[PDB]
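Before any comments, here is the structure.
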Amino acid sequence: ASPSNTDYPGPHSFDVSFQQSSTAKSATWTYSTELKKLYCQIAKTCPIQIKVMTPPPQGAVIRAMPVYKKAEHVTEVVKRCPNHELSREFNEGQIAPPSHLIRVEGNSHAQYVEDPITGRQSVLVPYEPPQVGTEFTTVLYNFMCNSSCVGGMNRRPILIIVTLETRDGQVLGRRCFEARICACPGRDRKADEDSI
Amino acid sequence: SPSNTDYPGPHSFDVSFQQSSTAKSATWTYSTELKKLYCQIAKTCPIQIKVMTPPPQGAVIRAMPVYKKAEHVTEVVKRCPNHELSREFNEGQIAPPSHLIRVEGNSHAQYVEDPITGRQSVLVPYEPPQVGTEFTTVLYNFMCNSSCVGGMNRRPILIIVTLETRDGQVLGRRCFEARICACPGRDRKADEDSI
Amino acid sequence: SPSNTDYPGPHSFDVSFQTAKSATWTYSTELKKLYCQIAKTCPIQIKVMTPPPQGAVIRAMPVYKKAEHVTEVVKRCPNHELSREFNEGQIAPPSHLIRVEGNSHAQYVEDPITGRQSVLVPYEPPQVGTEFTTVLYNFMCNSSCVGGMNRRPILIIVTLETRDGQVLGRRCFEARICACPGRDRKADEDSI
Amino acid sequence: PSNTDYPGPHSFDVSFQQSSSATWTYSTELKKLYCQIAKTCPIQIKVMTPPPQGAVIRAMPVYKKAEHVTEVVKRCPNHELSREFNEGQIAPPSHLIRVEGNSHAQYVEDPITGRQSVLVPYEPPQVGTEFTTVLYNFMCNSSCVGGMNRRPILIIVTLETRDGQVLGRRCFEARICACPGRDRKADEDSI
DNA sequence: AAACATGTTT
DNA sequence: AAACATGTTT
DNA sequence: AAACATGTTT
DNA sequence: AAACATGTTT
Ligand SMILES: [Zn+2]
Ligand SMILES: [Zn+2]
Ligand SMILES: [Zn+2]
Ligand SMILES: [Zn+2]
């Protein structure tokens with residue numbers, strides 16, 4: 001079926017967020033508060049804090065999944081274009097399937113999974129409590145294909161579904177935002193909020 | 001490396017085109033002197049073939065691509081990875097999804113990849129002009145923007161239309177530079193401009 | 001002091017590589033010198049003729065080229081080992097210079113006796129059909145960091161070691177993690 | 001912190017003098033001062049009507065650019081450990097501004113805002129003079145990695161009272177660098 | 001001062 | 001890339 | 001950053 | 001056509 005994209009705080013109050021991302025000449029990435037939109041160069045890393053009020057179960061995992069924003073596309077899956085999934089660059093750390101779009105870095109436990117029935121690709125990472133003294137649980141993500149790759153996304157608006165799931169796999173919470181992995185997240189952001 | 005030296009041949013093998021006005025957005029256009037041709041993606045494209053003395057039996061017409069720049073002549077011309085999987089343009093599986101040049105409207109045409117050099121090309125049996133005409137138009141389709149990532153990266157490329165015999169020895173050869181792009185109009189007026 | 005004498009080893013342990021406006025990194029054939037922007041990634045193929053033992057690990061260790069410095073160790077300057085940037089994936093000690101990325105098995109080790117820092121990675125055979133065993137490396141401090149390396153020529157010692165830790169092979173090259181590996185390379189080979 | 005020029009009731013005014021590789025130099029109009037690292041630096045203080053008892057002179061740094069005014073000014077991590085300049089431990093290794101040649105001077109970090117500053121009891125001019133020179137040392141190149149990254153910064157010399165309310169305030173932009181000569185001639189140039 | 005080494009900005 | 005900012009060398 | 005090359009959208 | 005989206009150059 002088509003994955004849900006309806007904000008769900010969950011029982012533990014599952015909430016994501018970011019932080020300061022000044023224009024910094026060419027910040028590797030930046031996020032817009034209201035637009036729930038994030039921009040960010042190719043393979044470069046990208047944080048993402050995870051708040052919670054009441055501690056989660058055992059399995060406590062955090063699936064990150066991509067999927068189109070536009071209707072007529074929700075039906076299709078999100079893979080890395082043919083080129084980038086062969087160029088070999090970014091494909092040395094073969095720990096990640098050369099087809100997935102989203103990669104978590106700096107976590108050995110993370111496991112890449114492709115739904116067998118729907119074909120949908122996603123990445124799981126065991127939930128580790130905040131850093132003693134903090135409340136956020138930053139996670140490192142890498143997007144492997146310009147949201148404008150020929151034969152891949154063709155500038156087709158796409159959004160990421162970060163969801164807090166349990167051991168068995170039922171949802172415990174879900175949040176969501178639109179991403180635009182590009183070249184100059186600076187321009188494409190100022191130049192974007194502009195238009196309006 | 002394949003030869004790119006103009007060779008009229010014994011039968012006076014000559015190619016050409018015709019009127020290609022700006023027509024708002026003509027699918028394609030050719031520049032007389034620049035021996036350069038521009039033309040949108042998959043869209044079709046003519047190409048007349050004149051001859052003075054009738055050719056042999058085999059009489060075929062190989063059309064082959066190859067870079068213009070030196071340091072690249074060594075490398076072959078294939079369709080980038082994307083377009084040779086996108087499946088679009090790959091229903092008429094009659095053509096290998098890797099070739100750049102396709103002839104359309106001719107069942108006899110056969111796609112051949114040299115085994116030894118890896119070079120890809122397309123052959124089409126030579127059919128005499130249309131009773132009353134002297135040209136032998138042939139329909140060509142270019143499958144990859146001459147600026148495809150991991151394919152041609154705007155690397156100047158030219159097409160080698162050659163009239164070969166049954167055994168395969170040359171009988172004539174002509175050549176021109178191509179620039180399959182998006183708005184052959186702009187890229188042409190905007191090109192001749194620069195100078 | 002660690003050895004820096006090329007040693008093909010019994011299994012024939014050999015490394016290798018392979019201007020793009022601003023290529024994140026580049027290597028010079030003869031100079032056995034490599035240039036490459038800060039934290040950006042960097043490959044490094046590893047050939048072998050005869051399969052190695054079980055432990056089969058690959059220690060990558062930095063160390064100065066100049067004599068009067070060989071005596072001192074190579075750490076990340078004070079600034080970069082606090083700036084917190086590059087220090088989220090706390091999997092790596094904020095002091096090491098060399099990091100391998102895309103390998104969970106890799107373990108960072110600081111010699112207790114000599115203080116020397118290094119990174120180990122279990123040797124995984126080539127990709128069925130290939131012969132090289134690419135490894136991803138990240139250099140965390142401009143070879144010109146104040147109070148860190150002060151442009152002091154430094155070289156990397158990639159060595160193929162066994163389970164117990166005795167050497168099986170060793171190769172070596174000079175590195176210059178900088179800003180514009182392009183310039184600093186063309187502009188370098190120039191001088192001569 | 002406020003950066004609006006305030007002559008005050010006693011007519012609190014600062015100034016410099018002749019600065020023709022001078023360890024430092026100041027530009028009249030630009031209200032900008034340049035000056036090598038740890039090297040010393042004067043700063044005359046004029047007044048028309050004598051100040052109260054407390055009479056102190058807080059010297060405080062702070063960015064010029066908007067998006068930074070929010071952040072504090074500390075010595076980068078390196079220089080506040082290098083130990084050099086940190087023998088006369090009389091000064092916290094983190095402060096940027098140091099007054100030298102005055103034992104009474106006390107270094108204070110605001111507890112609530114985190115802002116660092118240095119106080120020095122106001123001593124009347126030298127019998128026959130009207131200025132009250134004060135010696136300042138800037139401990140971090142206004143271009144230190146992880147410290148100021150060439151981020152324009154300015155100093156707020158203010159004449160405060162015993163309780164701490166302001167009595168006057170003046171201000172100028174500083175650029176502690178390497179060759180205050182070049183960076184000055186080469187600066188006024190650009191325009 | 002003038003030139004040169006190098007990260008950053010345009 | 002090209003120009004420029006800035007602290008060392010020379 | 002600013003300009004430029006080029007496919008896509010309006 | 002004209003304006004605009006987007007990744008390279010400069
Ligand atoms: Zn891609
Ligand atoms: Zn293509
Ligand atoms: Zn450093
Ligand atoms: Zn400093």
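Residue numbers start at 1 in each chain; chains themselves are named A, B, ... in the order of the structure tokens; ligands are numbered from 1 in the order shown.
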
Neighbours of chain C in chain A at 12 Å, counting only C-alpha atoms, as a count of residues only: 31

Test item: residues no farther than 8 Å from ligand 1, counting only C-alpha atoms (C1' of nucleotides) and all ligand atoms, as an mmCIF file with C-alpha atoms, in the first residue's frame:
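Output below, filename out.cif:
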data_model
loop_
_atom_site.group_PDB
_atom_site.id
_atom_site.type_symbol
_atom_site.label_atom_id
_atom_site.label_comp_id
_atom_site.auth_asym_id
_atom_site.auth_seq_id
_atom_site.Cartn_x
_atom_site.Cartn_y
_atom_site.Cartn_z
ATOM 1 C CA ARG A 80 19.228 5.745 -6.767
ATOM 2 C CA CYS A 81 19.387 6.522 -10.480
ATOM 3 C CA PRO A 82 21.238 3.948 -12.658
ATOM 4 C CA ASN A 83 24.377 6.044 -12.937
ATOM 5 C CA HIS A 84 25.128 6.682 -9.269
ATOM 6 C CA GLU A 85 24.466 3.048 -8.464
ATOM 7 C CA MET A 144 22.929 9.661 -2.501
ATOM 8 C CA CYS A 145 21.135 11.199 -5.498
ATOM 9 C CA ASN A 146 20.487 14.781 -6.530
ATOM 10 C CA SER A 147 16.738 15.319 -6.304
ATOM 11 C CA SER A 148 17.001 16.058 -10.028
ATOM 12 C CA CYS A 149 18.945 13.066 -11.270
ATOM 13 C CA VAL A 150 18.128 12.021 -14.801
ATOM 14 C CA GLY A 152 16.036 8.971 -10.985
#

Which neighbours of residue 64 of chain B fall inside 12 Å, counting only C-alpha atoms (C1' of nucleotides), when residues of the same chain fewer than 4 positions from it are skipped, and could you give them as number ranges by chain? B: 2-4, 76-78, 99-103, 111-114, 119-124, 140, 142, 157-163, 173-178

Would you please give, as number ranges by chain, all residues of chain D that DSSP assigns to strand (DSSP E or B) based on the backbone? D: 6, 13-15, 24-27, 32-35, 44-46, 56-63, 97-99, 106-109, 116-119, 121, 127, 129, 136-138, 153-160, 166-175

File of the preceding selection, C-alpha atoms, as a PDB file, in the first residue's frame:
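File result-v5.pdb, as written:
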ATOM      1  CA  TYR D   6      27.374  58.122  24.934  1.00  0.00           C
ATOM      2  CA  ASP D  13      36.050  60.452  25.606  1.00  0.00           C
ATOM      3  CA  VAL D  14      38.757  58.093  24.394  1.00  0.00           C
ATOM      4  CA  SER D  15      41.510  58.608  21.820  1.00  0.00           C
ATOM      5  CA  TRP D  24      49.834  48.951  16.182  1.00  0.00           C
ATOM      6  CA  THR D  25      48.027  51.854  14.493  1.00  0.00           C
ATOM      7  CA  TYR D  26      44.605  53.517  14.504  1.00  0.00           C
ATOM      8  CA  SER D  27      42.560  55.211  11.775  1.00  0.00           C
ATOM      9  CA  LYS D  32      39.183  51.212  13.541  1.00  0.00           C
ATOM     10  CA  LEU D  33      42.329  50.026  15.267  1.00  0.00           C
ATOM     11  CA  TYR D  34      44.803  47.420  14.039  1.00  0.00           C
ATOM     12  CA  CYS D  35      47.456  45.798  16.188  1.00  0.00           C
ATOM     13  CA  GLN D  44      43.939  57.743  26.434  1.00  0.00           C
ATOM     14  CA  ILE D  45      40.844  58.617  28.477  1.00  0.00           C
ATOM     15  CA  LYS D  46      39.683  62.255  28.743  1.00  0.00           C
ATOM     16  CA  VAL D  56      35.777  51.976  36.818  1.00  0.00           C
ATOM     17  CA  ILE D  57      36.421  51.382  33.124  1.00  0.00           C
ATOM     18  CA  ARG D  58      35.018  48.213  31.637  1.00  0.00           C
ATOM     19  CA  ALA D  59      36.496  47.177  28.326  1.00  0.00           C
ATOM     20  CA  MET D  60      34.369  44.702  26.452  1.00  0.00           C
ATOM     21  CA  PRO D  61      34.586  43.004  23.059  1.00  0.00           C
ATOM     22  CA  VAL D  62      31.658  41.968  20.861  1.00  0.00           C
ATOM     23  CA  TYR D  63      30.958  41.321  17.205  1.00  0.00           C
ATOM     24  CA  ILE D  97      41.157  41.611  26.370  1.00  0.00           C
ATOM     25  CA  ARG D  98      43.818  42.073  29.027  1.00  0.00           C
ATOM     26  CA  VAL D  99      45.006  45.215  30.723  1.00  0.00           C
ATOM     27  CA  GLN D 106      39.868  42.478  37.747  1.00  0.00           C
ATOM     28  CA  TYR D 107      38.646  40.081  35.073  1.00  0.00           C
ATOM     29  CA  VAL D 108      34.934  39.395  35.210  1.00  0.00           C
ATOM     30  CA  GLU D 109      32.640  37.064  33.315  1.00  0.00           C
ATOM     31  CA  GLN D 116      33.584  38.489  29.506  1.00  0.00           C
ATOM     32  CA  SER D 117      35.060  41.845  30.375  1.00  0.00           C
ATOM     33  CA  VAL D 118      37.820  43.646  32.266  1.00  0.00           C
ATOM     34  CA  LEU D 119      37.464  46.352  34.914  1.00  0.00           C
ATOM     35  CA  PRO D 121      39.684  51.526  38.668  1.00  0.00           C
ATOM     36  CA  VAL D 127      49.184  65.996  37.105  1.00  0.00           C
ATOM     37  CA  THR D 129      48.040  65.905  31.558  1.00  0.00           C
ATOM     38  CA  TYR D 136      45.582  46.713  26.617  1.00  0.00           C
ATOM     39  CA  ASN D 137      46.579  43.381  25.175  1.00  0.00           C
ATOM     40  CA  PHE D 138      44.553  41.487  22.649  1.00  0.00           C
ATOM     41  CA  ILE D 153      34.612  42.800  16.053  1.00  0.00           C
ATOM     42  CA  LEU D 154      34.577  45.972  18.093  1.00  0.00           C
ATOM     43  CA  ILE D 155      35.616  47.047  21.614  1.00  0.00           C
ATOM     44  CA  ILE D 156      33.305  48.790  24.059  1.00  0.00           C
ATOM     45  CA  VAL D 157      35.246  50.930  26.500  1.00  0.00           C
ATOM     46  CA  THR D 158      32.773  52.192  29.045  1.00  0.00           C
ATOM     47  CA  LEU D 159      33.080  54.366  32.144  1.00  0.00           C
ATOM     48  CA  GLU D 160      30.933  52.806  34.855  1.00  0.00           C
ATOM     49  CA  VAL D 166      26.883  53.421  32.993  1.00  0.00           C
ATOM     50  CA  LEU D 167      28.383  56.936  33.174  1.00  0.00           C
ATOM     51  CA  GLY D 168      29.649  57.033  29.600  1.00  0.00           C
ATOM     52  CA  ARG D 169      30.510  54.796  26.651  1.00  0.00           C
ATOM     53  CA  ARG D 170      32.588  55.075  23.491  1.00  0.00           C
ATOM     54  CA  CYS D 171      33.388  52.474  20.904  1.00  0.00           C
ATOM     55  CA  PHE D 172      35.672  51.453  18.043  1.00  0.00           C
ATOM     56  CA  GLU D 173      36.353  48.517  15.721  1.00  0.00           C
ATOM     57  CA  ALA D 174      39.517  46.495  16.289  1.00  0.00           C
ATOM     58  CA  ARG D 175      41.446  44.158  14.008  1.00  0.00           C
TER      59      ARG D 175
END

Identify, on the basis of only C-alpha atoms (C1' of nucleotides), every residue whose closest approach to residue 181 of chain D does not exceed 7 Å; exclude the query and any residue fewer than 2 positions from it along the same chain; express the result as an mmCIF file with N, CA and C atoms, in the first residue's frame.
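Output (around22.cif):
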data_model
loop_
_atom_site.group_PDB
_atom_site.id
_atom_site.type_symbol
_atom_site.label_atom_id
_atom_site.label_comp_id
_atom_site.auth_asym_id
_atom_site.auth_seq_id
_atom_site.Cartn_x
_atom_site.Cartn_y
_atom_site.Cartn_z
ATOM 1 N N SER D 21 57.051 48.856 10.904
ATOM 2 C CA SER D 21 56.180 47.818 11.429
ATOM 3 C C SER D 21 55.686 48.174 12.828
ATOM 4 N N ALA D 22 55.060 49.341 12.957
ATOM 5 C CA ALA D 22 54.532 49.776 14.243
ATOM 6 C C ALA D 22 53.704 48.638 14.820
ATOM 7 N N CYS D 179 50.289 42.226 10.378
ATOM 8 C CA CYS D 179 50.974 43.436 9.939
ATOM 9 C C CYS D 179 50.009 44.614 9.914
ATOM 10 N N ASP D 183 47.599 45.787 6.477
ATOM 11 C CA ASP D 183 46.161 45.708 6.668
ATOM 12 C C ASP D 183 45.480 47.066 6.880
ATOM 13 N N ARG D 184 46.263 48.125 7.062
ATOM 14 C CA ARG D 184 45.678 49.450 7.258
ATOM 15 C C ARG D 184 45.779 50.247 5.970
ATOM 16 N N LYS D 185 46.995 50.400 5.465
ATOM 17 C CA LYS D 185 47.179 51.125 4.215
ATOM 18 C C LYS D 185 46.381 50.346 3.170
#

Could the residues that lie within 8 Å of ligand 2, counting only C-alpha atoms (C1' of nucleotides) and all ligand atoms, be listed as a list in words? residues 79, 80, 81, 82, 83, 84, 143, 144, 145, 146, 147, 148, 149 and 151 of chain B

Contacts between ligand 3 and chain D, please, where a residue of chain D counts if it comes within 12 Å (with only C-alpha atoms and all ligand atoms); show its shortest atom pair and distance in Å to one decimal, rows by chain and ascending number, as JSON lines.
{"residue": "D:77", "atom": "CA", "partner": "ligand 3", "partner_atom_place_in_ligand_line": "1 (Zn)", "distance": 11.4}
{"residue": "D:78", "atom": "CA", "partner": "ligand 3", "partner_atom_place_in_ligand_line": "1 (Zn)", "distance": 10.2}
{"residue": "D:145", "atom": "CA", "partner": "ligand 3", "partner_atom_place_in_ligand_line": "1 (Zn)", "distance": 9.2}
{"residue": "D:146", "atom": "CA", "partner": "ligand 3", "partner_atom_place_in_ligand_line": "1 (Zn)", "distance": 10.2}

Looking only at helix (DSSP H, G or I) from DSSP on the backbone, list the matching residues of segment 27-98 of chain A as a PyMOL selection string. chain A and resi 71-74

Residues of chain C within 9 Å of chain D, counting only C-alpha atoms - could you list those as JSON, numbers by chain? {"C": [77, 78, 79, 80, 82, 83, 146, 147]}

C-alpha atoms of the current selection, written as a compact mmCIF listing (two decimals), in the first residue's frame:
# COMPACT_ATOMS: atom_id res chain seq x y z
CA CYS C 77 45.26 19.80 16.48
CA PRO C 78 43.45 21.05 19.64
CA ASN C 79 40.84 23.00 17.71
CA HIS C 80 39.51 20.30 15.40
CA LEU C 82 36.72 19.91 20.06
CA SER C 83 34.98 21.93 17.31
CA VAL C 146 48.28 25.60 13.72
CA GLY C 147 49.61 23.64 16.69

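Taking only C-alpha atoms (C1' of nucleotides) into account, chain G lies nearest to B:153 out of the set B:130, B:18, B:153, B:53.
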
Name the residues in contact with residue 2 of chain G at a cut-off of 12 Å, using only C-alpha atoms (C1' of nucleotides), excluding same-chain residues fewer than 2 positions from it; report them as a ChimeraX atom specification. /A:187 /E:9-10 /G:4 /H:9-10

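Non-sequential neighbours of residue 65 of chain D (distance at most 9 Å, separation of 3 or more positions within a chain, only C-alpha atoms (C1' of nucleotides)) are residues 68, 69, 151, 152 and 153 of chain D.
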
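Picture a line from atom CA of residue 126 of chain A to atom CA of residue 100 of chain A; it runs 18.6 Å.
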
For chain A, which residues have at least one atom within 10 Å of chain H, if we go by only C-alpha atoms (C1' of nucleotides)? Write them as a PyMOL selection string, please. chain A and resi 146+148+155+182-184+188

Within 10 Å of chain F, which residues of chain D show up when using only C-alpha atoms (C1' of nucleotides), listed as number ranges by chain? D: 141, 143, 150, 177-179, 183

For the residues selected in the previous step, produce a file with C-alpha atoms as a compact mmCIF listing (two decimals), in the first residue's frame.
# COMPACT_ATOMS: atom_id res chain seq x y z
CA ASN D 141 44.24 37.23 15.96
CA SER D 143 41.09 35.68 12.28
CA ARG D 150 37.99 37.28 10.50
CA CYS D 177 46.25 40.90 13.15
CA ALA D 178 49.79 40.40 11.92
CA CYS D 179 50.97 43.44 9.94
CA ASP D 183 46.16 45.71 6.67
